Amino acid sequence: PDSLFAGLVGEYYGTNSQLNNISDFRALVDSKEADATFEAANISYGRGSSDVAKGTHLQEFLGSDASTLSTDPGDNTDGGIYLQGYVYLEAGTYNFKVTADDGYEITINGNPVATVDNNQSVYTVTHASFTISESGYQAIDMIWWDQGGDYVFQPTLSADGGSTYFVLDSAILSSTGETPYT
């Protein structure tokens, strides 16, 4: 079965084709089995240089989560991650504020809540609010990629109208939606 841990299910995919947008990365995910799996328990990755998909840059980027890699991917020019699972959120209003190079998309309960559909050097976007109607574990997924060069990915979330933001980590993540005791 699907292991229960305090994190999202992570998949890494590399390619020697150019990633320009969300569609390109999603097509890469659809095209093959993941080059590596991991547990995404502390979703604040990077920053680094000289291509995420080369050498040990992925390990450096994933940091605290890299010890759960299923393998050490070989070199590629371009690469990214697909995260999916659950996040505990009380009913209320929230918004993401994301620092990234290159682009990304986060969905909650199937609906996009933070999107950058293009390549970019590091930039921080404060995204529009969204609502949670019922307290509990919410479905969440994320994609992020690097087309080359520098790389960073730090989604943060606010519950208090943008006064404070937190990283999504083992305090509130669940791989399956069951309560983790890990």
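Just count from 1 along the sequence shown to find any residue number.
Here 128 to 136 and 152 to 160 are compared by their mean Cα B-factor, and 128 to 136 comes out higher. Reading the B-factor column for the CA atoms of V52, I143, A34, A40 in the entry, the top value corresponds to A34. Highest C-alpha temperature factor among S44, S121, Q147, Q59 per the entry: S121.
Ranked by Cα temperature factor within the chain, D24 sits in the highest third according to the deposited record. Per the deposited record, the Cα B-factor of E90 falls in the highest third when ranked against the other modelled residues of its chain. In this PDB entry, the Cα temperature factor of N109 sits in the top third of its chain's modelled residues, the highest group.
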